[PDB]
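Asker: Before I ask anything, here is the structure I am working with.
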Amino acid sequence: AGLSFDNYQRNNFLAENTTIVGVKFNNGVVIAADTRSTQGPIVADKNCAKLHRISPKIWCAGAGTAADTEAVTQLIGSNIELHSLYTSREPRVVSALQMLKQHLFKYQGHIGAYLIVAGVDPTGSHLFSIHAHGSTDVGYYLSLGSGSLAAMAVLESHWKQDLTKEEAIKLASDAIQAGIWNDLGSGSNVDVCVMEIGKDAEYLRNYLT
Amino acid sequence: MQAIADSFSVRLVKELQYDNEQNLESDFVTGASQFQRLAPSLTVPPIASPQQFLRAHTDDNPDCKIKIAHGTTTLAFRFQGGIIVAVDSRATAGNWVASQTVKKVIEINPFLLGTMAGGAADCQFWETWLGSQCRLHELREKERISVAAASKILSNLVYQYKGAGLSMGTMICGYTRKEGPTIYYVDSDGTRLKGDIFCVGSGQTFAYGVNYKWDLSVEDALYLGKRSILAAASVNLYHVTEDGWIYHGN
Amino acid sequence: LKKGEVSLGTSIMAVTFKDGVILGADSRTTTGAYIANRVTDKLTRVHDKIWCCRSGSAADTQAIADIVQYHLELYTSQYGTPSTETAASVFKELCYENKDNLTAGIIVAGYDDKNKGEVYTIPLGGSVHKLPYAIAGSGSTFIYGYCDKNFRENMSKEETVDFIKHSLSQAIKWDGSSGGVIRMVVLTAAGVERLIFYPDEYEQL
Amino acid sequence: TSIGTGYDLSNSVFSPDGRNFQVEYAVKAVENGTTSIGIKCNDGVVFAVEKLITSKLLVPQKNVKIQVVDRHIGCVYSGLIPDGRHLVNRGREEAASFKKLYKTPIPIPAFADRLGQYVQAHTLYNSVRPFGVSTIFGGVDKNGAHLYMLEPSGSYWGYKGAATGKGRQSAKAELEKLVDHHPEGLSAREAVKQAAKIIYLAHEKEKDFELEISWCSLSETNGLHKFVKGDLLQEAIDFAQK
Amino acid sequence: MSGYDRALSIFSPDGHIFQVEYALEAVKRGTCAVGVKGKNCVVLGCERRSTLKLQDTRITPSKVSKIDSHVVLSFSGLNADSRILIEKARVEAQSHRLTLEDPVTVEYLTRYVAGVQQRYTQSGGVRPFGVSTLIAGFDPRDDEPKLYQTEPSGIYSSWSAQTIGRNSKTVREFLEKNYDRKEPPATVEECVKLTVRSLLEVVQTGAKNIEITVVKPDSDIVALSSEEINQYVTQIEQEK
Amino acid sequence: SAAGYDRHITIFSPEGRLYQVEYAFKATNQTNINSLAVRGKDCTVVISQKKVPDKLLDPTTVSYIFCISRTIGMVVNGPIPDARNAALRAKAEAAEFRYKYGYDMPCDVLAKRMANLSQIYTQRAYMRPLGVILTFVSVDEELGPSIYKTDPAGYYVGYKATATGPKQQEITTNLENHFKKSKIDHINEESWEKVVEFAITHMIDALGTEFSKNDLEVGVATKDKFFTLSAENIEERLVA
Amino acid sequence: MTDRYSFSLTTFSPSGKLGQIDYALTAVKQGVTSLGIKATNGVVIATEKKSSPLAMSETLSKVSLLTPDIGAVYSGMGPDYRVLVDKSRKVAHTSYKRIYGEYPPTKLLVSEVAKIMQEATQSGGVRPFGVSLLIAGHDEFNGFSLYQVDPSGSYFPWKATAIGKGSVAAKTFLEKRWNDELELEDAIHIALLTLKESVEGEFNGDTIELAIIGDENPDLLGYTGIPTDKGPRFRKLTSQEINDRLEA
Amino acid sequence: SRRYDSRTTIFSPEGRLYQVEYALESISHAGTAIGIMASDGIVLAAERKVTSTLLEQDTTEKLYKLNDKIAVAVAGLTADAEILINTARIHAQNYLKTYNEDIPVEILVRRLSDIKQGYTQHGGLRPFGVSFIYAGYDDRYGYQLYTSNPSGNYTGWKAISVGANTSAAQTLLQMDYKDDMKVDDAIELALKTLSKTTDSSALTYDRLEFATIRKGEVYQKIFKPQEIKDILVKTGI
Amino acid sequence: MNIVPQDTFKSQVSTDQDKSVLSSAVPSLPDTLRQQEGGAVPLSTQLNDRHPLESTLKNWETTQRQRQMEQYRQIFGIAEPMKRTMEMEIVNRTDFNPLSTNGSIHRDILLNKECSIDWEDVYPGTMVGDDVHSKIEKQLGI
C-alpha cells in the first residue's frame, strides 16, 4: 500500500550502467505567479497556470518537483473537503498548514514540494511558506522560485502596513514582472488570485499580458 | 486482556533486550531450545549493509582469521564398480601438533561423502546439517535418500544465503540401487552439476589425465586415482559402493 | 543534518530574576547567506507560562514542540497546570530517544507557584541541565564572557531586560546569522508580557 | 430480585432493568469477607483489620493483613485474596510510575482514579470477570489526608469513615456514631482507640481473633504509613475490652 | 450424541469423536468408487449418476483425476471439496518435484492428502472435508502397484482392493469372495473385468454409468472409452 | 425480555429492536439525579442535583460534572464508573483534535465523535454500550453558547435548553412554557450569575422542592473557560 | 484458539430467509417516511424531521450532500446512516477523485455504498445496518438518477419511490401522480402533497427537509474566474422557501 | 435439525449440511432465468420481479457481462451476486494480463465455484445465496453453458433453467429442445417457456431481460426494451 | 516516545523464518513454488540495498500509535492503553473478508481517520495459492 518502492534496485543498476509572490493587505491576501513552463532551456508552455486551489478560499503555488507539488496539493485538498463536510464548517488555513506540515515531515524531505499558501477563513486572512522537510513560516509578504530574489527586492521596496486591495494587486504584479524581466525562468504572463474577507475569491488569469 | 495490561505495566528488561524471545533463547535463559532448531539461526548485524560490514571485517593480524580449506587436488570419478574419490593428503603446518590424521573428506553418513573446498567451517557445518536432514528423510520415508535429493537440499540451502559471505565447494558422491553411482558438484554460488569426472584444486589439469573406461576393476580404478593424484602433485582413497564407503589409505 | 534542510542560526537567552523568568531571542532566519525571514517569531509557547526556543533542524524542533504542547494539554486535562520540570522532562525524552534521527536543541523557560521561575537547557544529544541563565545559538559563542561578567542573582525586571538587551545586541553585532528585532517574554505571577526592541534602539547601547 | 435469571451468566450484559448481575454477585462475594475499617482523623488515616487466629506454624512477622502500596499510602481489602494481591500490585506499579515521571508522590485522588479505571475496565467484556474485592485505602498528600473506598463496579468515593466485610453494618453504625459525636474532628490516637473498639464490637466470633491497626499521620508519623507498635496496640486493645 | 457431538474437539465418554463419524456418513452418500490392483497395473472404477437429457457431456469433469503423470486419484463424497483436495495435491506434487528434483511416491502423496484432511479437523471454526479418496499409481523407477485409501479424519491405509461410497459393502463382499492376494489378475484385461463385474453389482443401468481408468508403470495412464466398457459388460453378461 | 441471543449482544429482535441499547438507556437513570442546561447571551449554565444521603461520604468528592478541555464542560447522567470512562475518552479526543487540526475542538464535533463511538458499540457484538447520557456545553467561537446531548443509541443533537433524569418531563415542560412566553431560544441576561440564578429557580419550580448549597452542582462556560462553582459560590447565588 | 473466529451473526432460516436482514427491514419500516421523485430536469428528495420541542431542528439534518451533484436521505436508524454517509464521502475521493480527477457518477457511488452494506451481512462481528437509503444524483453521461438501497445491499433505480412508515400510501399517491413530462417545480409540489398526508403534527418548514438535484449554482461555488468550473447541483431548500411553497 | 443448523461447519448425524441446503432452498424464491445453447449461439432470458410501474425498466438486475466473451444470468440475492461478479471480472482481466489471452469459460466458472465452496467451510462466513448461469465462448470448446449453485458445484448444460419454476421450465425444454436448433428458434423457445411458466397473466416486455452471444468474431447483445417488444410481437406472445 | 521508527533491521535469519510457506518435503526449507515471487529471490538479497525511507514509511503509523499509547500510560494510567488496545484487537479479530482488502469503518473511527486520506488509501495494492482456503488456513492457524 502507498507509494511503491519496487524497481528501486533495478533503477540503481541501470543508473550504474518561476516567480511566486504572496502579499497581505488590510482586508485580505493576494497570490501571484508567472506562466512560463520550461523543460530545461526549452519553453514548453507560454501560458501555464501555477496557482492551485486547495479550497475555494485557500490557494497555493509551488516549486520543486512539479508532480510532488500537484499530488500533495490535491491530497490536502481532498482531506480539507472531507474535514469541512465532517465539521460542517468553513475550512481554516491553519488546518491545511498542519496537514501539509505533518505529511511532508512524514516523508523526511523526499517529497520535493515548496509552497506558498494564502487563504481567508472566518478567523481572518493568512499567508504561509512551507518547506519540503516540514518547516513552516508566517509572513506578510513572501517570494518563491528562481526569480524570488528580484521579486523580494521589489516587495521590500514598496510594502507598507496600510495597503488597499488595488495597491496590493499592483505590488504583486510588479514583483512578478521584475521576476519576469530579470530571471530566465520566468517571463510570459502574470496570474493573480485575490482572497478578500467576506467575499468570494477572485481568480484573474493573465492579469498582465 | 490482562496480557495487554502486563505489556503496558512497568525499562531494565528493555535495555537488556530480554523482552524478545529470540534473545532469551540465544542466551539459554528459558532453556536449551537454541540447541533444538532443525534450521540454524544465524545472527546478522542490525545495519543497512551487513554484507559490506562482513566483507570489510573479514578481509583484514592475529590467528583469528577464518580458516580456509586446503586448496589441494581432489578427484572423483565413477565406474561400474562404484565411485573412486582421491585426495592428496599433504597436511599444512602451523603453531599446533595434530593428534591424528586430518581428514579432508567429510563422512556425511556411512553412505555419503563430501569434499571440502573454500571455507572449512562452512563445509563442515553444512555437511553435518545435511547428514541430519538425510537421516530424518530416511526415517520418514523408510528408504535411503537418493544423491540427487541430498545435493538439491544442499544447493537450495546455500542458494538461500547467496551473497551473504559463504564460500564452499563440495562433491556429493553416492551409490543407490535406483540411480547407480552418482556424483554432484555444489558450490556457494548455487550451481548444482551432475558429472562423471571432477578434478578440483591446484593441479586439476594434471589430474584430469584420467585411461578412463567404464570397465575398470576396483584395483585398477584405485591405482588410476592414486596415479592421477601423484601426477597432480600421500594420497587418501575412498571406494564408494552400494553398501557404503570404504577407506583404503595410501 | 539533512541535506538541503533549514537550520536555526539564532541567538537565544533565558534569564531567571527575582519575580520570575525572561526569554529573549532575535528574529532572523537565513538560508546560507540569504535572509529568508527577518521578522520571524522564535518564542514558542507550549503552555500558558511555559515557553521555549529552538535550535538545530527547524522541522524536527517544530514537530517536537507540537508533540510537547499536545502532551501538556493531555496533562492539564488531568492534573491542572504542569511544572516547568515536567515540560523539560518531556522535551528531554523526545530529544534523547530520537537523537539518531533528529537534530534538536531546546531552551525552556517556565513559571509556576511552587518553583517561581526556572530555566532548562537541552543541547544537542539530549542531556538536560538546569541553570540560573542560559544562552544558545550560533551567536551565543560571542557573549560567553560578557554574560559571565554581568549576571547577578535576584535582579529586578528592568535590570534583567537591560542585561538581555545588551547581550543580544552584541550577539547580533558579531553574528551574521543573527539580526532583526529583539523579542522577549516575561513570565511572572502577574502574567505574560511581550516586549519588542528595534535595531535603532539597541544598536546605540 | 437479587437473582437475575437469564441475565447473570455472562459479564458486561444489561438486564431489562439496567442492572449488571455479575458485578452484584462479586459484591455478594465481597460481603462475606473479613471486616475491615478505615477512619479519617484530623490530619491522617487509620486502618483496622480483624483477623482469625491461625496455626502457630505461621511465621508471626511474615503474615501481615495490611498492605503498603507506597510510603504514604495504606490499603486493606475484603473479598478474594488473589484479587486483592493483584490490585495492590497494580497500585504499587501506578504509584512507582507516577513518582518516577513527576518526581513527587502520587496524590490520593489520582491513585484512586487510576485504580477505579482499571477495575471498571473489567466490567466491559465477557472474556474477564469483575474483581471480587472491595478496597479501603488512604494516605496523606500535600492537600491533606484522604480516605477512599472502591467497589467491584469500579465506583469509588471519599469517606469520613468506611467499613467492609461481614460485620459491615455494625461497623458503619459505630462510624456514624463517631462522626456524629465528633463534629470538630478526631485525632490519630483517638482514632486508633475507636478503631480497636469498633473492630471488637463488630467481631462480637468462634474461638478468638487478632487486631491489626495501621496509621498515617502528619503529626505522628510525618505523613508516612506505619503499623501500631506494641505499647499503643496494647493500650487500644485494653480500651476496647473495657 | 448426548451433547458430545457438537464439536471436533470433544471426546465421547466411550472415547469417540462423533463429528468424524458424521463426516464418514456424508462420504457414504457419494457415488461408489472401487480400486483393484493386479500383477502389473492398477484399475480405478467409478459409478456415474445417469446423465440428464439436456446435460452437456463434452466438458463434464471425470471422477478420476490425474494428480501427476504417474499418480491418479478418485473420490467419494462431496464433489466440491474434492476439487480443493485435488488442487492441493497437484500443487504439492509440483512443489516436491521442484524442491527435490524427484517426483513424489504414491505413499508420500497419500500422506500429504491425509495431512491436509487432518489439519482441517484441528479447529472449531473450520469444517472437515466430507471426502474419502483412493490414490493409485507406481513409484518412479519402480514396477510395484500402489493403492491407498484416505479418510476425512486423516487416516490412510494400503489395500489390495477397496471400495468407498454408497453400497460399498456389497462391492467389498464381492471383492473378498472373488479376489486372491497371492494370485492377483496377471493381466490388465482380467483386472478391468473384475472391476467392471464388481461395479455391476450396485450399478442399475449398466455400462453407461461405469468409468474405468488403468494405470501402468512408466507413467502410462489410460481412460477407457464407453465402447470398451460396453464390450466388457456385454462379455460379462454373455458369460453369466 | 429479549428472549434470545439479544439477551447478551446487540442484534436485531424480530420486531427490529436492539434490547441491550434500551437496557443501557434504562441504566442511565440508576443514580436518580436530574440535570438542567440553559444558554445565556454569552454563557452556558449546567446544574446537576446532588444527593448524598450517607453521612460517611465526603461530599467534595461527589460530582458528575467534568472539565473536558479549556472551553468544553460535560454533565453525565448514569453510573459514575461509565461517566469517568467517558470523561477520559472525551478529554483524549479533544486533545487529539487540537493536535491534528490546529484549532480547538468545537462542542458539536466532540458530541458527534462520541456518538460515532457509541454507534460502534451498538453495532459490534463483543462491545457493550455505556449506560450513560452525555451533555456537552460550551461557548463556541462560531456558534456562541452551545448545548449538545448524546445517548447510548449513538444519537446526538443540540438544544436551546435541556433536562435529563427521572423528572425531566416536568422541567422540559416548564422550559417550553417559559420560552413560549419569552418567544426567544435563549435567556436574555448579560451576566452568568443571573443565568445561574434563573436556572436554579427553574429547577426549584419544576421539582417542587427547595435546594441548599450542598444539594446542587453548577458549571458555567464562557468564551474563555469552563469552570465549576464551589459551595460558597452556589450559596451566594441562592441568596437573591 | 477458539478466539480466532466468530460464528456468523446472519444465517439462513429453514424457509430460506436471512433473519437479521428481515428484522433490519422491519426496523426500516418503523422509521420516519422519506421519499424521492425524479423529473425531467431535476430530482427531489424529501423527509420529515420528526423529533424534543427544545431540540434545534437545524443542528440535525437527515439530508446529506455526498458529492456536489449527489445527495442522499434515509429511513431507519440515524447513527448507521451517519456512519455510512461519512464512509461514502470518503470513498468518493479514495476510489474516484484521486484516480480520475472527477467525482464518481451516481450509480458507482451507490454500488460502493451497497457493497459496504452487504459486507455487514457476511460477518461474525457486526450485525447488518438498519437503514434504507435514497440517493439522488446527476452525471454527464447518464443524466439524473434516483436509487434505493436496502439493508441487504440490494439497490434499484426508481422514477419515484418512498420508504418508511407510510411507504405504501405514498407509493400509491406517486403512482397516481407521476408522468414522464413532469417538471422540477411540479415534482416539488407533488413531494409536498405526498408528505402532507404522512406528517401527523405541525406541517411547516421547520418539520420538513427538502433537497433538489437541478441546475448548477455558480453562487455556491465560492470563487470566480474559471468558466469551465461547474457549480454544485445539489441544493437544500431553506425553511423560508418551504414555507413560501406551502403558502402558495 | 435445530441442533445442527445454527452453524455452517457442523455435520448432522446423517452427514448433511443444513445451512447449505437452506441456501439452495432460497434460490426457489428468485425470478426464473433460462439459458439455451444452439448450434450457432447462446440465448439468456430472465424474468424481473417487478411489482410497480415506478421502476426504471430502461436502465440490469439479472444479466451482467463478465467480459466481451462471457456473460451471466443471476438468480438469488443481488448484492452477493454483484460481489462475485466484480471478483470474476477482476480474475478475467488478471488472466488476460498474465497470458495475453482471453480466459477460458471453465476456468472462470471453476474459480467462482471454488470461492463459493470456500464460503461454506469457515464458521464466520455464510454461503452465498446466488445461482449463476454462465454463457460464454472460447477457442477450446466453442460455445459453453454452465450453472453454479450456493454449494459450489457447477454443471454443464445444453438448456437449463434456475429459479422459481425450474421443474416446469426444464420439462418444457426437454420436450422442445433440439440439438440442431438455431439462435432464433432458441429465442422463441425461451420466450414461450417463460410465458408458459409465468405466474403473471401476461409476459410483457417490462418484465423480461434478454441477451444473445453470437457471431457476425463473437458479439454480445443485451436487448433493449424496444427490441424485446419487437421479438415478443414477432413470436406471437 | 519515538517519532521516527527505530529498530527496524532484522537481527537473525533462518531458512524457516517464514512459517506460512515452509516446504512439506523439507520442513527446514521454504517452498519456492508457493512463494510465487519469481523463483529467484533468496532471502539474503532482502537484507541489502533497500531504500532508506521504506522502513520509515512502513512503520510510521505503528510508531505514532505506540507513542500515543505511551503518553496515555504516562498521563492516564495502564487502563487507558489497555482499553484502546482491547478495542482495536476486538475489531480487527472479528473481521474476515477474504474477497476484500479495505479496512472497516469501525477501525477508521477508532483510529480517528473518519475524514482522512493518505496514499495508502489511494493505492491499496496467481498460478498457486491465492484462494479463499489459503486465507482460511492463515486466519485459523491450521
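Residues are named by chain letter and number: chains run A, B, ... in the order of the C-alpha cells, numbers start at 1 in each chain, and ligands are numbered from 1 in the order shown.
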Fewer than 3 positions away in the same chain doesn't count, so skip those; otherwise give me all residues within 8 Å of segment 166-174 of chain H, counting only C-alpha atoms, as a ChimeraX atom specification.
Answerer: /E:53-54 /H:32,159-163,177,189,193-194,197
Asker: Do me a favour and pick out the residues of chain B within 10 Å of chain E, using only C-alpha atoms, as a ChimeraX atom specification.
Answerer: /B:140-141,146,148-153,156,178-179
Asker: Please dump the current selection as a CSV table (one decimal), in the first residue's frame; keep C-alpha atoms.
Answerer:
```csv
chain,number,residue,atom,x,y,z
B,140,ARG,CA,10.4,-40.7,7.4
B,141,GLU,CA,10.3,-42.5,4.0
B,146,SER,CA,19.0,-40.5,-3.4
B,148,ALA,CA,20.1,-36.1,-6.3
B,149,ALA,CA,17.8,-35.2,-3.4
B,150,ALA,CA,20.6,-34.5,-0.9
B,151,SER,CA,22.6,-32.5,-3.4
B,152,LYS,CA,19.4,-30.5,-4.2
B,153,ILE,CA,18.8,-29.9,-0.5
B,156,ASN,CA,18.8,-24.9,-2.1
B,178,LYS,CA,17.8,-46.8,-8.4
B,179,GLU,CA,20.4,-44.3,-9.6
```
Asker: Up to 10 Å from chain A, what residues of chain G turn up? Count only C-alpha atoms and give them as a ChimeraX atom specification.
Answerer: /G:64-66,85-86,89-90,93-94,97-98,101,219-226
Asker: Using only C-alpha atoms, determine which residues of chain I fall within 9 Å of chain D; present them as JSON, numbers by chain.
Answerer: {"I": [74, 75, 76, 77, 78, 79, 80, 82, 83]}
Asker: Output as an mmCIF file with N, CA, C and O atoms, in the first residue's frame the set of chain E residues within 6 Å of chain H, with distances taken over only C-alpha atoms.
Answerer:
```cif
data_model
loop_
_atom_site.group_PDB
_atom_site.id
_atom_site.type_symbol
_atom_site.label_atom_id
_atom_site.label_comp_id
_atom_site.auth_asym_id
_atom_site.auth_seq_id
_atom_site.Cartn_x
_atom_site.Cartn_y
_atom_site.Cartn_z
ATOM 1 N N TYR E 22 -19.765 -38.505 11.494
ATOM 2 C CA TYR E 22 -20.761 -37.831 10.667
ATOM 3 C C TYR E 22 -20.180 -37.445 9.310
ATOM 4 O O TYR E 22 -20.875 -37.499 8.288
ATOM 5 N N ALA E 23 -18.903 -37.060 9.280
ATOM 6 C CA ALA E 23 -18.231 -36.841 8.004
ATOM 7 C C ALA E 23 -18.166 -38.132 7.194
ATOM 8 O O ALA E 23 -18.336 -38.119 5.969
ATOM 9 N N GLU E 25 -20.413 -40.460 7.408
ATOM 10 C CA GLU E 25 -21.784 -40.612 6.926
ATOM 11 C C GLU E 25 -22.016 -39.786 5.667
ATOM 12 O O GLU E 25 -22.687 -40.237 4.732
ATOM 13 N N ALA E 26 -21.475 -38.567 5.635
ATOM 14 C CA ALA E 26 -21.549 -37.754 4.424
ATOM 15 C C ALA E 26 -20.836 -38.435 3.263
ATOM 16 O O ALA E 26 -21.313 -38.400 2.123
ATOM 17 N N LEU E 54 -30.731 -33.001 -21.102
ATOM 18 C CA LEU E 54 -30.225 -31.720 -21.574
ATOM 19 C C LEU E 54 -28.857 -31.378 -20.994
ATOM 20 O O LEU E 54 -28.414 -30.230 -21.105
ATOM 21 N N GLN E 55 -28.180 -32.345 -20.384
ATOM 22 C CA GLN E 55 -26.892 -32.104 -19.749
ATOM 23 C C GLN E 55 -25.768 -32.287 -20.760
ATOM 24 O O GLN E 55 -25.707 -33.307 -21.453
ATOM 25 N N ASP E 56 -24.887 -31.294 -20.844
ATOM 26 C CA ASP E 56 -23.743 -31.375 -21.739
ATOM 27 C C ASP E 56 -22.696 -32.325 -21.172
ATOM 28 O O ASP E 56 -22.338 -32.250 -19.993
ATOM 29 N N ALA E 80 -17.616 -30.884 -4.331
ATOM 30 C CA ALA E 80 -16.943 -29.589 -4.314
ATOM 31 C C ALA E 80 -15.663 -29.612 -3.483
ATOM 32 O O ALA E 80 -14.693 -28.928 -3.829
ATOM 33 N N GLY E 125 -13.511 -23.533 14.117
ATOM 34 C CA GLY E 125 -14.018 -22.616 13.121
ATOM 35 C C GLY E 125 -13.931 -23.101 11.691
ATOM 36 O O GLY E 125 -14.155 -22.305 10.772
ATOM 37 N N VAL E 126 -13.614 -24.377 11.467
ATOM 38 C CA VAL E 126 -13.476 -24.926 10.127
ATOM 39 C C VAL E 126 -14.263 -26.228 10.049
ATOM 40 O O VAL E 126 -14.567 -26.863 11.060
ATOM 41 N N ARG E 127 -14.599 -26.616 8.821
ATOM 42 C CA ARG E 127 -15.340 -27.837 8.556
ATOM 43 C C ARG E 127 -14.444 -28.853 7.866
ATOM 44 O O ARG E 127 -13.728 -28.496 6.922
#
```
Asker: Need to verify the contact set: residue 11 of chain I, 8 Å, only C-alpha atoms, exclusion of same-chain residues closer than 5 positions in sequence. Can you return it as a ChimeraX atom specification?
Answerer: /B:43-46
Asker: Skip segment 133-148 of chain A itself and residues of its chain fewer than 4 positions away, then list as a list in words all residues within 6 Å of it, counting only C-alpha atoms.
Answerer: residues 18, 19, 20, 21, 22, 23, 24, 101, 104, 105, 108, 109, 128, 129, 152, 179 and 183 of chain A; 58 and 59 of chain C
Asker: Please provide the set of residues having any atom within 10 Å of segment 46-54 of chain I, restricted to only C-alpha atoms, with same-chain residues fewer than 2 positions apart removed, written as a tab-separated table (two decimals) with C-alpha atoms, in the first residue's frame.
Answerer:
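result-v4.tsv, written as the output of this step:
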```tsv
chain	number	residue	atom	x	y	z
A	3	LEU	CA	3.85	4.80	-2.81
A	4	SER	CA	5.78	1.82	-4.15
A	5	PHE	CA	9.48	1.04	-3.77
A	6	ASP	CA	9.53	-1.63	-6.48
A	8	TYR	CA	14.44	0.77	-6.88
A	9	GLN	CA	17.37	-1.65	-7.12
A	12	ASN	CA	20.02	1.96	-9.40
A	106	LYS	CA	6.46	12.03	7.46
A	107	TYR	CA	8.42	11.62	4.21
A	108	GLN	CA	11.61	13.22	5.62
A	110	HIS	CA	11.86	13.04	-0.02
B	44	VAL	CA	23.36	-10.57	11.33
B	46	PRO	CA	21.25	-4.77	12.51
B	47	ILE	CA	22.52	-2.29	9.91
B	48	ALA	CA	21.72	-1.32	6.33
B	49	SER	CA	24.75	-3.11	4.79
B	50	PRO	CA	25.51	-6.39	6.61
B	51	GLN	CA	27.32	-7.79	3.56
B	52	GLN	CA	29.75	-4.87	3.29
B	163	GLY	CA	25.89	-13.37	-1.50
B	164	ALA	CA	25.95	-13.29	2.31
I	9	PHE	CA	16.61	-4.08	10.97
I	10	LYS	CA	16.50	-7.84	11.40
I	13	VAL	CA	17.85	-15.06	9.84
I	41	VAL	CA	14.64	-14.43	-4.77
I	42	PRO	CA	16.90	-15.59	-1.91
I	43	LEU	CA	16.15	-14.09	1.49
I	44	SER	CA	19.68	-12.67	1.80
I	56	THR	CA	10.34	4.64	7.98
I	57	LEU	CA	7.21	4.69	5.81
I	58	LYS	CA	6.18	1.09	6.57
I	59	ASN	CA	6.30	1.54	10.37
I	60	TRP	CA	5.27	5.20	10.68
```
Asker: Neighbours of residue 185 of chain C within 8 Å (only C-alpha atoms; same-chain residues fewer than 2 positions away dropped), as a ChimeraX atom specification?
Answerer: /C:22-24,43,183,187,192-195
Asker: Mind dumping the selected residues with N, CA, C and O atoms as a compact mmCIF listing (two decimals), in the first residue's frame?
Answerer:
```txt
# COMPACT_ATOMS: atom_id res chain seq x y z
N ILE C 22 12.63 35.54 32.13
CA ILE C 22 12.51 36.26 30.86
C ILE C 22 13.23 35.47 29.78
O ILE C 22 14.37 35.03 29.97
N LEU C 23 12.57 35.30 28.64
CA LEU C 23 13.12 34.59 27.49
C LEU C 23 13.23 35.56 26.32
O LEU C 23 12.26 36.24 25.98
N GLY C 24 14.41 35.62 25.71
CA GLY C 24 14.66 36.58 24.64
C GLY C 24 15.35 35.93 23.46
O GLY C 24 16.11 34.97 23.60
N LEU C 43 9.85 32.71 19.72
CA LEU C 43 9.40 32.40 21.08
C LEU C 43 8.19 31.48 20.97
O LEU C 43 7.08 31.92 20.67
N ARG C 183 12.99 40.08 20.59
CA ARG C 183 11.69 39.75 21.16
C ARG C 183 11.88 39.06 22.50
O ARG C 183 12.71 38.15 22.62
N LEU C 187 7.67 36.17 32.16
CA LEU C 187 6.76 35.26 32.85
C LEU C 187 6.93 35.46 34.35
O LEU C 187 8.00 35.19 34.91
N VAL C 192 1.80 37.16 31.57
CA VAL C 192 2.74 37.06 30.46
C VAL C 192 2.83 38.42 29.78
O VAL C 192 1.80 39.00 29.40
N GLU C 193 4.04 38.95 29.63
CA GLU C 193 4.25 40.24 29.00
C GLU C 193 5.19 40.11 27.81
O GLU C 193 6.31 39.60 27.96
N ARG C 194 4.76 40.58 26.65
CA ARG C 194 5.57 40.53 25.44
C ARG C 194 6.22 41.88 25.17
O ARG C 194 5.58 42.93 25.30
N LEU C 195 7.50 41.85 24.79
CA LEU C 195 8.28 43.05 24.53
C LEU C 195 9.04 42.89 23.22
O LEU C 195 9.46 41.79 22.85
```
Asker: Work out how far atom CA of residue 54 of chain F is from atom CA of residue 181 of chain D, in Å to one decimal.
Answerer: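 Distance between the two atoms: 16.0 Å.
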Asker: C:145, C:20, C:56, C:123: which is nearest chain A, counting only C-alpha atoms?
Answerer: C:56
Asker: Point out the residue among F:98, F:167, F:225, F:180 with the least atom-to-atom distance to chain A, counting only C-alpha atoms.
Answerer: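 Smallest distance to chain A is found for F:98.
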Asker: Please produce, as a tab-separated table, a per-residue contact table for chain I versus chain E (criterion: any atom at most 7 Å away, only C-alpha atoms considered), showing the nearest atom pair and its distance in Å to one decimal, sorted by chain then residue number.
Answerer:
```
residue	atom	partner	partner_atom	distance
I:25	CA	E:96	CA	6.2
I:31	CA	E:95	CA	7.0
I:33	CA	E:95	CA	5.7
I:142	CA	E:119	CA	5.9
```
Asker: Could you write out, as a ChimeraX atom specification, all the residues of segment 115-218 of chain H that DSSP marks as helix (DSSP H, G or I)?
Answerer: /H:115-118,166-176,183-197,205-207
Asker: Taking only C-alpha atoms into account, which residues of chain C are within 7 Å of chain F, as an NGL selection string?
Answerer: :C and (70 or 73-74 or 77)
